[PDB]
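**Student:** Next up is a structure, given as structure tokens.
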Amino acid sequence: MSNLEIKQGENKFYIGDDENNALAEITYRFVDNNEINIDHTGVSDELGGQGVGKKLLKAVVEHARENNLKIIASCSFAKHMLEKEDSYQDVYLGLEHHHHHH
């Protein structure tokens, strides 16, 4: 009953019953100063459309933008998702070989 909330933990946000029933969680740490990395993303993805990770990503990027935080990712899962998503291009650095006329 009324269980779609995000549990706030130590630099980690997880959605689930408990620590074991953490069906979707994301972690971020301050590697340098305002630069944060998505350390680990334990998000179960059923069919993509039911990927709770998007809700977590939204929250992290939203929070980061307002905090002037720069988001990188140590996990390829998160790294590649933000890579294709130019909607989060504010805090996402990425990588490019300067071949960007477009």
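Labeling convention for the structure tokens: chains A, B, ... as they appear, residues from 1 per chain, ligands from 1 in order of appearance.
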Could you pull out all residues of chain A with a DSSP call of strand (DSSP E or B) and give them as a PyMOL selection string?
**Tutor:** chain A and resi 7-9+12-16+22-30+35-43+70-73+92
**Student:** Selection from above, N, CA and C atoms, as an mmCIF file, in the first residue's frame, can you write it?
**Tutor:**
data_model
loop_
_atom_site.group_PDB
_atom_site.id
_atom_site.type_symbol
_atom_site.label_atom_id
_atom_site.label_comp_id
_atom_site.auth_asym_id
_atom_site.auth_seq_id
_atom_site.Cartn_x
_atom_site.Cartn_y
_atom_site.Cartn_z
ATOM 1 N N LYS A 7 13.827 5.191 -1.374
ATOM 2 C CA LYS A 7 14.495 5.140 -0.081
ATOM 3 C C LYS A 7 15.844 5.845 -0.150
ATOM 4 N N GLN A 8 16.035 6.818 0.727
ATOM 5 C CA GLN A 8 17.274 7.582 0.766
ATOM 6 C C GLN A 8 18.298 6.896 1.661
ATOM 7 N N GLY A 9 19.399 6.466 1.065
ATOM 8 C CA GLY A 9 20.459 5.835 1.819
ATOM 9 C C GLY A 9 21.767 6.586 1.681
ATOM 10 N N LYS A 12 23.056 6.844 -1.870
ATOM 11 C CA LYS A 12 22.412 5.865 -2.725
ATOM 12 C C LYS A 12 20.897 5.977 -2.611
ATOM 13 N N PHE A 13 20.218 5.821 -3.729
ATOM 14 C CA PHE A 13 18.766 5.831 -3.746
ATOM 15 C C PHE A 13 18.261 4.504 -4.285
ATOM 16 N N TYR A 14 17.413 3.826 -3.524
ATOM 17 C CA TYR A 14 16.902 2.535 -3.959
ATOM 18 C C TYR A 14 15.397 2.432 -3.784
ATOM 19 N N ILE A 15 14.765 1.778 -4.743
ATOM 20 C CA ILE A 15 13.340 1.516 -4.696
ATOM 21 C C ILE A 15 13.103 0.022 -4.505
ATOM 22 N N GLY A 16 12.449 -0.316 -3.407
ATOM 23 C CA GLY A 16 12.178 -1.698 -3.087
ATOM 24 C C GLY A 16 11.690 -1.845 -1.664
ATOM 25 N N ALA A 22 15.967 -4.636 -2.962
ATOM 26 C CA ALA A 22 16.269 -3.444 -3.733
ATOM 27 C C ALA A 22 16.241 -3.783 -5.216
ATOM 28 N N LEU A 23 15.082 -3.591 -5.832
ATOM 29 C CA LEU A 23 14.881 -3.966 -7.224
ATOM 30 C C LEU A 23 15.578 -2.990 -8.157
ATOM 31 N N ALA A 24 15.654 -1.735 -7.737
ATOM 32 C CA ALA A 24 16.319 -0.713 -8.524
ATOM 33 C C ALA A 24 17.005 0.296 -7.623
ATOM 34 N N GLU A 25 18.327 0.338 -7.680
ATOM 35 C CA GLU A 25 19.081 1.294 -6.888
ATOM 36 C C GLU A 25 20.205 1.917 -7.705
ATOM 37 N N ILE A 26 20.613 3.111 -7.305
ATOM 38 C CA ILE A 26 21.694 3.822 -7.969
ATOM 39 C C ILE A 26 22.577 4.503 -6.927
ATOM 40 N N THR A 27 23.884 4.508 -7.159
ATOM 41 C CA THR A 27 24.820 5.100 -6.217
ATOM 42 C C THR A 27 25.667 6.173 -6.891
ATOM 43 N N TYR A 28 26.029 7.202 -6.137
ATOM 44 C CA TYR A 28 26.900 8.247 -6.646
ATOM 45 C C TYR A 28 27.812 8.742 -5.536
ATOM 46 N N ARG A 29 29.077 8.962 -5.857
ATOM 47 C CA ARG A 29 30.018 9.466 -4.873
ATOM 48 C C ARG A 29 30.755 10.677 -5.428
ATOM 49 N N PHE A 30 31.232 11.525 -4.536
ATOM 50 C CA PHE A 30 31.997 12.693 -4.930
ATOM 51 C C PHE A 30 33.449 12.295 -5.145
ATOM 52 N N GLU A 35 32.200 16.955 -9.098
ATOM 53 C CA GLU A 35 32.106 15.833 -10.011
ATOM 54 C C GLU A 35 31.654 14.585 -9.267
ATOM 55 N N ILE A 36 30.527 14.040 -9.681
ATOM 56 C CA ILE A 36 30.014 12.814 -9.101
ATOM 57 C C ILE A 36 29.950 11.731 -10.162
ATOM 58 N N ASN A 37 30.176 10.499 -9.755
ATOM 59 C CA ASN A 37 30.080 9.382 -10.675
ATOM 60 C C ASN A 37 28.994 8.428 -10.230
ATOM 61 N N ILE A 38 28.274 7.882 -11.189
ATOM 62 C CA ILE A 38 27.368 6.795 -10.903
ATOM 63 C C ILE A 38 28.188 5.530 -10.705
ATOM 64 N N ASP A 39 28.418 5.215 -9.441
ATOM 65 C CA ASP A 39 29.317 4.143 -9.041
ATOM 66 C C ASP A 39 28.777 2.787 -9.471
ATOM 67 N N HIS A 40 27.556 2.501 -9.062
ATOM 68 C CA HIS A 40 26.910 1.235 -9.366
ATOM 69 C C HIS A 40 25.425 1.464 -9.601
ATOM 70 N N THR A 41 24.854 0.726 -10.534
ATOM 71 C CA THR A 41 23.434 0.834 -10.811
ATOM 72 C C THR A 41 22.783 -0.541 -10.803
ATOM 73 N N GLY A 42 22.313 -0.953 -9.637
ATOM 74 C CA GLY A 42 21.635 -2.222 -9.520
ATOM 75 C C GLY A 42 20.161 -2.097 -9.822
ATOM 76 N N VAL A 43 19.844 -1.897 -11.090
ATOM 77 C CA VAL A 43 18.467 -1.749 -11.518
ATOM 78 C C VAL A 43 18.040 -2.930 -12.374
ATOM 79 N N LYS A 70 28.614 17.612 -11.765
ATOM 80 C CA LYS A 70 28.915 17.003 -13.052
ATOM 81 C C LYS A 70 28.783 15.495 -12.930
ATOM 82 N N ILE A 71 28.026 14.880 -13.825
ATOM 83 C CA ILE A 71 27.747 13.456 -13.717
ATOM 84 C C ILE A 71 28.560 12.635 -14.711
ATOM 85 N N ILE A 72 29.390 11.763 -14.171
ATOM 86 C CA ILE A 72 30.046 10.731 -14.954
ATOM 87 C C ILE A 72 29.572 9.373 -14.453
ATOM 88 N N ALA A 73 29.988 8.299 -15.093
ATOM 89 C CA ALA A 73 29.535 6.977 -14.694
ATOM 90 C C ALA A 73 30.660 5.962 -14.781
ATOM 91 N N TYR A 92 25.990 15.720 -18.188
ATOM 92 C CA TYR A 92 26.723 14.624 -18.798
ATOM 93 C C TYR A 92 27.851 15.168 -19.660
#
**Student:** Find the spatial neighbours of segment 84-88 of chain A, counting only C-alpha atoms, within a cut-off of 12 Å - ignore same-chain residues fewer than 5 positions away - and output them as an MDAnalysis selection string.
**Tutor:** chainID A and resid 54 57:65 70:72 77:79 93:95
**Student:** Could you dump the residues just selected with C-alpha atoms as a compact mmCIF listing (two decimals), in the first residue's frame?
**Tutor:**
# COMPACT_ATOMS: atom_id res chain seq x y z
CA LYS A 54 14.78 6.11 -15.72
CA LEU A 57 18.23 8.86 -13.50
CA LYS A 58 15.72 11.72 -13.65
CA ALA A 59 16.07 12.33 -9.92
CA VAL A 60 19.88 12.20 -9.98
CA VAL A 61 20.27 14.50 -13.00
CA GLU A 62 17.60 16.87 -11.66
CA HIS A 63 19.34 17.04 -8.28
CA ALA A 64 22.77 17.35 -9.92
CA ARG A 65 21.77 20.19 -12.25
CA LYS A 70 28.91 17.00 -13.05
CA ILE A 71 27.75 13.46 -13.72
CA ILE A 72 30.05 10.73 -14.95
CA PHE A 77 24.93 0.60 -17.98
CA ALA A 78 24.43 4.17 -16.77
CA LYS A 79 27.21 5.52 -18.99
CA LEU A 93 30.23 15.14 -20.15
CA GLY A 94 30.76 12.11 -22.35
CA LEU A 95 33.53 11.88 -24.94
**Student:** To test your reading of the structure, identify every residue in chain A that backbone DSSP assigns to alpha helix (DSSP H), and report it as a short mmCIF file (atom, residue, chain, number, x, y, z; two decimals) with N, CA and C atoms, in the first residue's frame.
**Tutor:**
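Contents of the output file states11.cif:
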data_model
loop_
_atom_site.label_atom_id
_atom_site.label_comp_id
_atom_site.auth_asym_id
_atom_site.auth_seq_id
_atom_site.Cartn_x
_atom_site.Cartn_y
_atom_site.Cartn_z
N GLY A 53 15.03 2.42 -13.68
CA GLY A 53 16.25 3.20 -13.75
C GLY A 53 16.03 4.61 -14.26
N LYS A 54 15.06 4.79 -15.16
CA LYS A 54 14.78 6.11 -15.72
C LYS A 54 14.32 7.08 -14.64
N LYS A 55 13.53 6.58 -13.69
CA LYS A 55 13.02 7.40 -12.60
C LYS A 55 14.17 7.84 -11.70
N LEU A 56 15.10 6.92 -11.46
CA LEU A 56 16.29 7.21 -10.67
C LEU A 56 17.18 8.22 -11.39
N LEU A 57 17.41 7.98 -12.68
CA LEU A 57 18.23 8.86 -13.50
C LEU A 57 17.69 10.28 -13.49
N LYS A 58 16.37 10.41 -13.66
CA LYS A 58 15.72 11.72 -13.65
C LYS A 58 16.03 12.45 -12.35
N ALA A 59 15.86 11.75 -11.23
CA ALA A 59 16.07 12.33 -9.92
C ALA A 59 17.52 12.77 -9.73
N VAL A 60 18.45 11.91 -10.13
CA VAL A 60 19.88 12.20 -9.98
C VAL A 60 20.29 13.41 -10.82
N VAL A 61 19.92 13.41 -12.10
CA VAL A 61 20.27 14.50 -13.00
C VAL A 61 19.61 15.81 -12.55
N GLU A 62 18.35 15.71 -12.14
CA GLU A 62 17.60 16.87 -11.66
C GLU A 62 18.30 17.47 -10.44
N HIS A 63 18.65 16.62 -9.50
CA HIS A 63 19.34 17.04 -8.28
C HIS A 63 20.71 17.62 -8.63
N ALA A 64 21.41 16.95 -9.54
CA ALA A 64 22.77 17.35 -9.92
C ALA A 64 22.79 18.70 -10.62
N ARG A 65 21.84 18.92 -11.52
CA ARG A 65 21.77 20.19 -12.25
C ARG A 65 21.63 21.36 -11.29
N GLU A 66 20.73 21.22 -10.33
CA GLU A 66 20.47 22.28 -9.36
C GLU A 66 21.64 22.44 -8.38
N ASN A 67 22.48 21.41 -8.28
CA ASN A 67 23.62 21.44 -7.37
C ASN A 67 24.92 21.75 -8.09
N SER A 76 28.97 0.95 -17.04
CA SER A 76 28.68 1.07 -18.46
C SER A 76 27.18 1.21 -18.72
N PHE A 77 26.39 0.55 -17.88
CA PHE A 77 24.93 0.60 -17.98
C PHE A 77 24.43 2.05 -17.95
N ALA A 78 24.83 2.78 -16.91
CA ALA A 78 24.43 4.17 -16.77
C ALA A 78 25.12 5.04 -17.82
N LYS A 79 26.39 4.74 -18.07
CA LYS A 79 27.21 5.52 -18.99
C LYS A 79 26.61 5.56 -20.39
N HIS A 80 26.14 4.41 -20.86
CA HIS A 80 25.63 4.30 -22.22
C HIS A 80 24.21 4.87 -22.33
N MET A 81 23.45 4.82 -21.24
CA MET A 81 22.10 5.36 -21.25
C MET A 81 22.12 6.88 -21.37
N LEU A 82 22.98 7.52 -20.59
CA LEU A 82 23.11 8.97 -20.62
C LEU A 82 23.79 9.42 -21.90
N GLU A 83 24.52 8.50 -22.52
CA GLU A 83 25.23 8.78 -23.77
C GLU A 83 24.25 9.05 -24.90
N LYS A 84 23.19 8.25 -24.98
CA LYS A 84 22.22 8.39 -26.06
C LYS A 84 21.20 9.46 -25.72
#
**Student:** In Å, with one decimal, what is the gap from atom CA of residue 5 of chain A to atom CA of residue 18 of chain A?
**Tutor:**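 Atom CA of residue 18 of chain A lies at a distance of 11.9 Å from atom CA of residue 5 of chain A.
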**Student:** At what distance in Å, to one decimal, does atom CA of residue 11 of chain A lie from atom CA of residue 44 of chain A?
**Tutor:**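 Atom-to-atom, atom CA of residue 44 of chain A and atom CA of residue 11 of chain A are spaced 19.3 Å apart.
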**Student:** To one decimal in Å, tell me the separation between atom CA of residue 100 of chain A and atom CA of residue 75 of chain A.
**Tutor:** 25.3 Å
